[PDB]
Amino acid sequence: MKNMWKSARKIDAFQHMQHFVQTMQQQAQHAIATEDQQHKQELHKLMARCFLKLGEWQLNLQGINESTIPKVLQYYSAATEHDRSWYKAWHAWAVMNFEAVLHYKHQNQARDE
């Protein structure tokens, strides 16, 4: 799916990503055991990478606005929750929040006039 996105097929890849992460969450819910818990850590890593890609691709497609910011924020928060010790996830989450701050500042300036 990363290759699909790199092939310019964006919307379909993103929808597939949503479906795949939902399925992967369902599988996690189905996953309860010790060695299965290790596979669940692997699941968390993979699906946190996935959530980061969901946030990034939704940002790229739908741009930045009041409606889009909550969804990507939710994706990145989920990614951080899945892996708290991944630099990319936390950096992306902070970058998104900072961009939201800048966006609201810009609309403050617009509202001033």
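At position 67 of the sequence shown (counting the first as 1) the number is 1767 in the authors' numbering, and the numbers step up by one without a gap.
Built from N, CA and C at the ideal position, the CB exists for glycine as well.
Are there three or more Cβ pairs, one per stretch, closer than 8 Å when the stretch 1752-1766 is compared with the stretch 1787-1794?
yes
Starting from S1777, trace the alpha helix (DSSP H) in both directions and tell me its first and last residue.
1768-1782
Please determine, among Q1741, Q1738, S1777, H1744, the residue with the shortest C-alpha to C-alpha distance to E1756.
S1777
For a minimum of 4 consecutive residues, which ranges assigned as the alpha helix (DSSP H) are wholly contained in the stretch 1706-1739?
1710-1730
Contact between the stretch 1789-1804 and the stretch 1760-1774 (3+ Cβ pairs under 8 Å)
yes
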